[PDB]
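> Here is my input; please provide its structure:
(8 chains)
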Amino acid sequence: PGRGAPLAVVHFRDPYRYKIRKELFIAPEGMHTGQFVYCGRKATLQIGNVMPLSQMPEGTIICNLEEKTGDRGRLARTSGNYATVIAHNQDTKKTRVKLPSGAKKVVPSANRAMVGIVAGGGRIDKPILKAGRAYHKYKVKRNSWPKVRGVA
Amino acid sequence: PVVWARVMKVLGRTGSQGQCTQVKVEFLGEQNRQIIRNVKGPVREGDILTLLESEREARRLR
Amino acid sequence: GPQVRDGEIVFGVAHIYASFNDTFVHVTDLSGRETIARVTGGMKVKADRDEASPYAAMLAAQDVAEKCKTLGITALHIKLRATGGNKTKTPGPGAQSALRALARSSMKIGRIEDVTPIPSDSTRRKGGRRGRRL
Amino acid sequence: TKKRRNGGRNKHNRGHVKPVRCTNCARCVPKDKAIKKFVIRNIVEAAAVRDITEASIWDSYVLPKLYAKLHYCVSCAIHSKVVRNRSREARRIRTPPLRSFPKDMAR
Amino acid sequence: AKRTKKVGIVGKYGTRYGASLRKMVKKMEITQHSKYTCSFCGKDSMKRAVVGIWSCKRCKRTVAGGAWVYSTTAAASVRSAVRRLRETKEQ
Amino acid sequence: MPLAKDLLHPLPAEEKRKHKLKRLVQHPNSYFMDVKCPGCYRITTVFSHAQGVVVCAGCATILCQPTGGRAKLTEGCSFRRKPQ
Amino acid sequence: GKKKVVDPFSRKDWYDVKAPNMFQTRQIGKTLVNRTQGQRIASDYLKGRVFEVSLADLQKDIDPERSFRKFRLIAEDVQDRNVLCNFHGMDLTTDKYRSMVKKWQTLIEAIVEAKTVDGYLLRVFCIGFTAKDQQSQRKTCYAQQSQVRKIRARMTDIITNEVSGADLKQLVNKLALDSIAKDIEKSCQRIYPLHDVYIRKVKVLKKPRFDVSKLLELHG
RNA sequence: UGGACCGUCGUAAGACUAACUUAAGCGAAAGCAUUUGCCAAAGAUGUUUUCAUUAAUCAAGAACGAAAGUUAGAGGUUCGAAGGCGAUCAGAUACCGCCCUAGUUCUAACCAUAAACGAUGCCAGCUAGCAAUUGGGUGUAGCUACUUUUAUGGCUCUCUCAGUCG
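Residues are numbered from 1 along each chain as shown, chains lettered A, B, ... in the order given. Shown next is the structure:
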């Protein structure tokens, strides 16, 4: 509550300790519960796994893109959009990408992302239609005003 | 611009206001160039003629 | 034995271009990057109509032949451009006349081709379905 | 005031078919009812042929010609004297005549 | 009888908000909270929770999908797009 | 003659090339033949335009060629134009 | 700006071009390259040069008749103003192209891409034509959309025999005589009479690496 | 002004799928052209298959109809009503140019009209040739092809139905 997007609750068995360790992804599309996710450079491409860019070709779409390899996914995750890559380059390990802006820019390649479109769209095409729902649309996202103009 | 061109064969004109004999002439040192030139005024067959422009003849098909 | 003659035997490219309303004499490298003697008929007669004349094409063909010999070029190749897409696709009247002053200058040349742009399929002319009503 | 029998060209069991524009007017017309002259025209216009034989690198290179199927509309035909004005009866043949010489503009 | 004449399920929200804004929620709420054939449970037991988060009520499989239909036509196209492409990389 | 007096008695061979249907009576060009496949010996009767794969009970050599017309077997057949 | 008072072509120097070894001799002329500087390095501008030559220049065609096989070449590296000038394609001119299509026909077009013994990815453009049988007054000699599409399938398995077919050190020698243009008739004539037929263009879109060890053997 | 237009490789980018194109064909009509796979459906000959009149056409009526053109959501190349500007003209608000704007684009639908024309509704029968050509059959007492004389295959002739053109 505060998103529009749905989350994804998932856990793992540690390569080092004895316990389970619970994490929270952003929902790839078609994620049934009980799906077997995979996270690795050797992990083959199937939605919605998480794999680095150097092992998928162009033409695929992804979500939860990471720019700086380690900072775990700060790009293009919100509802109804899709992280894309349309360029590979084996010179100094480069792969250009198109954000949902349309302005296409360059990222490094060793970083990770989750393959496929991300769930939630499209919550602009249903008009909220009254001043009670778009109260609650800003009940728990921020506290803007139901905003008040300038010229009075 | 100093070559002289002798006539071999004659054809008609787009005459009315400037009758100019579209006419088949060849040179002497350049006698292999039988370029079909356009002389203004009456010309008998067998006349060598001077010339300065020795490039083209503004061809229209006839 | 295997003795090729000195005097810098080379085959340049003409890239002779002609059209209605212009003729272009654009000689370059055989690879095609470096360009020598770009000058054409558009810098010959100041009339804004007579730059389609074969006379101006001849003056565009008078000058370009001798500057090949200033660097020792004695031979070249000849390409043709239309440059029609949905446009003309057929060479202008000054096209065939332009090679004559090249031919009547004792320049030994054999290669005659067109790179006249034949598209895969048309991409729309200008004028729109009732074009150019004279 | 119907004069042609079938009409234009080639509309047997189809309806309405592919157009492409004319070159010298580009009144965009269907591919059947537009005059379609096809020409293999020569490069030097048969006059510089004696000049290129002297300037050839090889034995005359022997000269190619151009190939492009041009497409004319109706007033383009009549405003260049392509095909015009037979009788009320002399519009009833297609296949003849030339009868005299190997046709020019090729040449 | 044919109870209303056009509007159907937005008839709660009547005489309000406009003409072609009463219609635009029709075309997006005759799909939402109708029942769907579950791809796993086989039956027709699909209602919503919030945006894009459907569950069944039978056999407890829950699947994330589209937000006004069960899964969009944008989505399975991608599920078809990564399908044909996956056999090209390692093979 | 276009204004002919005899239609009851036409010439035979032109009727043989007229049609399978438009004759004075109705009988097709088709018949039955008794094919022996050349690698075997067994007797089998089959239609001309059989439109169906036939083999014997134990002699499945060729016996047919799949087509829309008559079963055109080249050098793999032996039969007769005869009611058996 | 620069303001050179005389002869920009003075710095443009005569640089020779050298063929590969297997065709013929290597001197097919010169190129004009600007003289280098410390930051302006003229050797690395030769890599941006795409070069053109015909088989008449590389198989001593005195009367130009087989000159329709026009070869694209790529200048890749130099030594002592002598470029190695690797292959970059082999197209057809428009002269031999447009002369074939006398309307009255059904062409046989086929496009196929494949990977070689080496790391190249060629693009083969199989273009066929129908041969008129004798004693025939019918002015069509047409193919009936299975008489092409099976013939279209007939060439695509032929060409992949030659993509694993001893590449550019040996492959273009099979394209010099065009033995691939010979044997396809004997397969096509089992279905349909085949007229003139060519490949008309090849493409070199995945030249993988320089590989100078066999390439100095190619410059042998 | 110094780098257009030009030559050249290269990156995208969206539209179009020319040539081959026909007095071709498929479709009920509008319309309908890259390959190849897929998923279908129809027509024609083939048929000593089955069925037993299941029929023809049709008010009311239900599917389908290029644009033009609207309703939100994409994506932007050529082009482009409208709008500005140069000429031309007596005037041009136009015929010609330059720029882009609606939009053509593909997805979701919505009107349903066109000279939507072969200015001729559909189904049964007869009456005339001649010549093309599409498919399917059939006869070569045909050649050609070499896998071999063959074989499948091509063309030619003969016959044939549906024709459609002339």
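
> in chain D, which spans are helices?
Assigned by DSSP state H, the helices in chain D fall at D:49-52, D:74-78.

> quick one: the first one near chain G?
No. Legend: contact between helix D:49-52 and chain G by C-beta under 8 Å from any C-beta of the partner chain is lacking; minimum distance shown is 13.1 Å. Placement of C-beta: from N, CA and C, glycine included.

> Next, the buried residues of that helix.
Buried residues in helix D:49-52, counting neighbours by 16 or more other C-beta atoms under 10 Å in any protein chain shown, are found at D:51-52.

> The residue most central in space within chain D and residue D:65, how far apart?
Closest to where the C-alpha atoms of chain D average out (C-alpha atoms, centre = their mean) is residue D:37, at 1.4 Å. Counting by C-beta to C-beta, to the nearest Å, the separation of residue D:37 from residue D:65 is 15 Å.

> do the same with residue E:32
According to C-beta to C-beta, residue E:32 stands 69 Å off from residue D:65.

> go on, residue B:29?
32 Å.

> quick one: residue E:9 and residue E:30 touch, right?
Yes. With contact defined as C-beta atoms under 8 Å, residue E:9 reaches residue E:30; the gap is 6.0 Å.

> nearest spatial neighbour of the residue of chain G at minimum distance from chain E, skipping sequence neighbours?
Residue nearest to chain E within chain G: residue G:115 (13.1 Å; C-beta to the nearest C-beta). Excluding the flanking residues, the one nearest residue G:115 by C-beta to C-beta, 6 or more residues apart in numbering or on different chains is residue G:121, at 5.6 Å.

> can you check residue G:69 too?
Closest residue to residue G:69 apart from its sequence neighbours, by C-beta to C-beta, 6+ apart: residue G:55 at 4.2 Å.

> hang on, the earlier thing: report the contact partners of the residue nearest to the centre of chain D.
Residues in contact with residue D:37, defined by C-beta atoms under 8 Å, 6 or more residues apart in numbering or on different chains, are D:70, D:72, D:82.

> Could you report the separation of it from residue C:95?
As judged by C-beta to C-beta, residue D:37 and residue C:95 stand 20 Å apart.

> Likewise for residue G:16?
According to C-beta to C-beta, residue G:16 and residue C:95 sit 33 Å apart.

> Next: residue A:35.
Taken as C-beta to C-beta, the span from residue A:35 to residue C:95 is 69 Å.

> These two: who's more crowded?
Shown here are residue A:35 and residue C:95; by other C-beta atoms under 10 Å in any protein chain shown, residue C:95 has more neighbours (22 against 17).

> number of nearby residues for the residue of chain E found nearest chain D?
Taking C-beta to the nearest C-beta as the measure, chain E has residue E:77 as its residue closest to chain D, at 32.1 Å. Neighbourhood size, residue E:77 [other C-beta under 10 Å]: 11.

> for residue D:34, same thing?
Neighbours of residue D:34 under the rule other C-beta under 10 Å: 22.

> Name the nearest residue to it, ignoring sequence neighbours.
Distances taken as C-beta to C-beta, 6+ apart put residue D:73 closest to residue D:34, at 5.1 Å, once the chain neighbours are dropped.

> Would you mind confirming that the one you found is in contact with residue D:25?
Yes. Taking contacts as C-beta under 8 Å, residue D:73 lies within contact range of residue D:25: 5.1 Å.

> And the residue of chain B closest to chain E?
Residue nearest to chain E within chain B (C-beta to the nearest C-beta): residue B:61, separated by 60.4 Å.

> If we ignore the residues flanking it in sequence, what's nearest that residue?
Excluding the flanking residues, the one nearest residue B:61 by C-beta to C-beta, 6+ apart is residue D:104, at 6.8 Å.

> Distance check, the one you found against residue D:42.
Distance, residue D:104 to residue D:42, by C-beta to C-beta: 10 Å.

> so what's residue B:29 up against?
Residue B:29 sits next to residue B:3 when contact means C-beta under 8 Å, 6+ apart.

> gap between whichever residue of chain A sits closest to chain D and chain C?
Closest residue of chain A to chain D, C-beta to the nearest C-beta: residue A:59 (33.7 Å). As judged by C-beta to the nearest C-beta, to the nearest Å, residue A:59 and chain C stand 24 Å apart.

> From residue A:113, how far off is the nearest residue to that residue once chain neighbours are set aside?
Distance criterion C-beta to C-beta, 6+ apart; nearest residue to residue A:59, sequence neighbours excluded, is residue E:85 at 6.3 Å. Noted for residue E:85: a distance of 16 Å to residue A:113, by C-beta to C-beta.

> Same question for residue G:184.
48 Å.

> Those two - which one has more neighbours?
Neighbour count, other C-beta under 10 Å: between residue G:184 and residue A:113, residue A:113 has more, with 25 against 19.

> quick one: the strands in chain F?
Here chain F has its strands, by DSSP state E, at F:32-35, F:44-47.

> ranges for the strands of chain C?
C:11-13, C:16-18, C:23-25, C:75-77, C:80-81.

> And for chain G?
Taking DSSP E, the strands of chain G run over residues G:12-17, G:30-34, G:50-54, G:69-74, G:78-79, G:82-83, G:86-92, G:108-115, G:121-128.

> Over to chain D?
Listed in chain order, the strands of chain D (DSSP E) span D:19-20, D:29-30, D:38-39, D:68-69.

> To residue B:20, which of those strands lies closest?
Within the strands of chain D, the stretch nearest residue B:20 is strand D:38-39; the backing value is 30.0 Å (C-beta to C-beta).

> Sheet partners, orientation included, of the closest one?
Here strand D:38-39 has these sheet partners by DSSP bridges: strand D:68-69 (antiparallel).

> Return the residues in contact with the residue sitting nearest the centre point of chain C.
Closest to where the C-alpha atoms of chain C average out (C-alpha atoms, centre = their mean) is residue C:16, at 0.9 Å. By C-beta under 8 Å, 6+ apart, the residues touching residue C:16 are C:23-26, C:78-80, C:95, C:98-99.

> what about residue A:129, distance to residue E:12?
Taking C-beta to C-beta, one finds residue A:129 at 11 Å from residue E:12.

> The two: which is more packed in?
Taking other C-beta under 10 Å, residue A:129 and residue E:12 do not tie; residue A:129 has more neighbours (17 against 7).

> How about that one, nearest residue that isn't a chain neighbour?
residue E:17 (5.5 Å).

> What separation do you get for the one you found and residue F:41?
Separation of residue E:17 from residue F:41 (C-beta to C-beta): 90 Å.

> Same check on residue D:44?
Counting by C-beta to C-beta - residue D:44 and residue F:41 are separated by 78 Å.

> for residue A:14, same thing?
As judged by C-beta to C-beta, residue A:14 and residue F:41 stand 79 Å apart.

> which residue does chain B bring closest to chain C?
residue B:55 (5.2 Å).

> any idea which element that residue lies in?
Using DSSP states H and E, residue B:55 sits within no helix or strand.

> Correct me if wrong: it contacts residue C:103.
No. Using C-beta under 8 Å, residue B:55 is not in contact with residue C:103; the gap is 11.6 Å.

> Same drill for those two, tell me which one is more crowded.
residue C:103 (22 against 16).

> Would you confirm that that one contacts residue D:55?
Yes. Counting by C-beta under 8 Å, residue C:103 does reach residue D:55; the two are 4.5 Å apart.

> Give the residues shared as contacts by these two.
Joint contacts of residue C:103 and residue D:55 (C-beta under 8 Å, 6+ apart) are residue C:109.
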